[PDB]
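Engineer: Have a look at this one.
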RNA sequence: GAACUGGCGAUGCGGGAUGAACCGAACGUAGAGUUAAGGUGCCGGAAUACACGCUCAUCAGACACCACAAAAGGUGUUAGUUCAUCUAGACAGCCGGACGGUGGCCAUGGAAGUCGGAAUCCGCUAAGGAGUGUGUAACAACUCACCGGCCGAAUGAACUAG
């Protein structure tokens, strides 16, 4: 007897939603949307991450599901304080995306000796798993 | 307020003492048929199937125009007209007598019965009646004694009328179809 | 051409022994380089007053800078241009971040909707409108209200690699 | 231009209900069920609280936003049909040659035959589809009534019949004998 | 036919189904970085990135001279110019307006809103016309015009060019 609809809930653009960039000068540093002009162009800030304040096209930016309360038309001195107060890094790094990023970075950065270590340890893990899997 | 007084603050204010009620609806009839009989005592009849100016009426609310209008109060959708008449109905059958030369109706509407009236000679020439190929009128003449060969029925009720079939057929000075009653209410308080 | 700049220019129309100290004319113009900026300034001066490049001087050039690049701004713009049948006089408004970006967007919009190349456009003025309830057009009056919550669906994203196993989706 | 977000409210009473898949919609009520596929424009639906479904779209031209109210009309009309029923009364008219209409079942098909239409003498057949029925109107001369739940099926059937009863090669405004609709309403009244 | 320069049967080709005459360009053998008046998914030697628009076309459209379109137009789509109304709240959910002239003239038994020819205002001032069409070759002529019943917000008209 219910009128069920699934959710129809996707990620939006709105003052407060932290974002991430993929290509440009900064290249891969979180930032906070502060204002919005039109469908494509906005200005973002990420002073604690070290990026200057400027305007970027949304096609050049990637979104995130984190957010927090912001006032419109703020500036660096306010957005940095609100960023530090909300403490987004307490949960962003905990999320299951920055962990994969760090995994990619370490796997790309490690060298030959560590590779041989990982090889022998992978043999160890394979042995241990297949032991318990064979009998049951 | 310059022009509105001539309708509201003049006519209605000088005749805010009426208690008659003649509610009629022109659904589909020859308008002048009802119009002239509402008139004849001309100057006391005017159709006013109105519009929506009651927001302004409530803004200027102090009318008390027709307290007997509380019957179709949930009918705010194409309401009847605020018309003012106080005529009698015992006049046509005694005062006016022997008119008998009024105008016929639209000439073309559907008749109730299938009738063929006998035609009398007059001594005129045939006119522009060479349009009958479809159904026609099969007739024969022999010095007055006319003879119809076959009969035709053209149409029934519930259909619209043609375009060029009302010229020189009904030459008896008769209204083909008025003969009806169309009225919603006729009351006095 | 390139990304736009804009300069203030001041000319003088060089003096004469019998009439020294002229009136000193100023303009502010949008361009890409100082050379073409002063050239187009001289062009407008040719059009609007009697003077010739062989009988004048540029007494100053300065590459000014917008004050507050952080503040999103509502800029009204007036323009006069020529088309394939006749001339016109148009007025528009844009929500943007700075005047150089405003003019850069304006030129693309005019080339879009009127085929007006750079050789047939000249701006009359670009001014700011500061308060609300003063814009006119319903392609910029939208973003003034509170809470501009909306997605941009169908997030496409390319691939540096040419092949792919997983048959990707377009969630967002 | 570019209406960034535009929506429309749609109500639903308490007796009926609806279930929306990714793209399919399925209404259910006392009179019966109904389904429909919306793989045409792909606009969003959002529940509020058991009575208010908001249809919504973001970023489009007038051609893209017209489909929004179009689908609103489609859904609210079809739920009105399944919660209230639809009916179409059509009439016969004949000048001199009276019509002869009949219903005939064969192989679970249920066709309709028309005869004596301007003097034809071999069958004028027309089929009928499910979800709709017909009864010859008693106590009234020369009418027929369709009655069903959906609207697209019954309107298409009535239009098919009133188009099949067509004539050519005769006078273009003297002959007006055929079948045509007359009334469009509901199986119930004021509910 | 001819002036000006750059071109010619006898004068070496990028662009295309070729080259006097479609731009005319001046020539060593192995020997730099760019192009002579260039485009890049493939006819392949090279970037399937960046910002707004028409684009459904049931004959789309594609790069100079070069191999093509105008009668007359489009509530088809975007962007403008101008003019009048709106929270003193109008549009799209139905109506009709016939008082005097409308019985206005052609060898004194008949011509009721112009078959053969002139003219369209007044006192009236929410109704309140001698009428675009109008039954015997008018006497018996109907349809329509600032006005009037709930809700509640942008709409209406004329032009301009992609």
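Any Cβ shown, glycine's included, is placed from N, Cα and C.
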Engineer: Swiss-Prot tags one of C:53, C:73, C:149 as ubiquitin cross-link; which one?
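Structural biologist: When Swiss-Prot is consulted, ubiquitin cross-link appears for C:149.
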Engineer: For the feature ubiquitin cross-link in Swiss-Prot, which residue out of C:50, C:131, C:141 does the record point to?
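Structural biologist: Going through C:50, C:131, C:141 one by one, Swiss-Prot annotates C:131 as ubiquitin cross-link.
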Engineer: Of C:38, C:47, C:125, which does Swiss-Prot mark as ubiquitin cross-link?
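Structural biologist: Annotated as ubiquitin cross-link in Swiss-Prot: C:125.
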Engineer: Annotation phosphoserine per Swiss-Prot: which of the candidates C:32, C:39 has it?
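Structural biologist: The residue tagged phosphoserine by Swiss-Prot is C:32.
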Engineer: Among the recorded positions C:32, C:125, C:131, C:149, say which ones reach under 8 Å of chain A by Cβ distance, listed as they appear in sequence.
Structural biologist: C:149
Engineer: For C:125, C:131, listed as recorded sites, tell me which one has the smallest number of other Cβ atoms within 10 Å.
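Structural biologist: Comparing Cβ neighbours within 10 Å for the recorded sites C:125, C:131, C:131 has the fewest.
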Engineer: Can you tell me how far the Cα of residue C:32 (phosphoserine) sits from the Cα of residue C:131 (ubiquitin cross-link), in Å?
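Structural biologist: Here the two Cα atoms lie 31 Å apart.
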Engineer: Quick one: what's DSSP say for residue C:149 (ubiquitin cross-link), helix, strand or coil?
Structural biologist: coil
Engineer: Can you tell me how many other Cβ atoms are located within 10 Å of the Cβ belonging to residue C:32 (phosphoserine)?
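Structural biologist: I get 13 for this one.
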Engineer: Which number gives the other C-beta atoms within 10 angstroms of the C-beta of residue C:149 (ubiquitin cross-link), all protein chains shown included?
Structural biologist: 12
Engineer: Work out how many Å separate residue C:131 (ubiquitin cross-link) and residue C:149 (ubiquitin cross-link) at their Cα atoms, rounded off.
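Structural biologist: Computed Cα spacing between residue C:131 (ubiquitin cross-link) and residue C:149 (ubiquitin cross-link) is 23 Å.
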Engineer: Give me the Cα-Cα distance between residue C:125 (ubiquitin cross-link) and residue C:149 (ubiquitin cross-link), rounded to a whole Å.
Structural biologist: 34
Engineer: Let me know the DSSP-derived helix, strand or coil state of residue C:125 (ubiquitin cross-link), please.
Structural biologist: strand
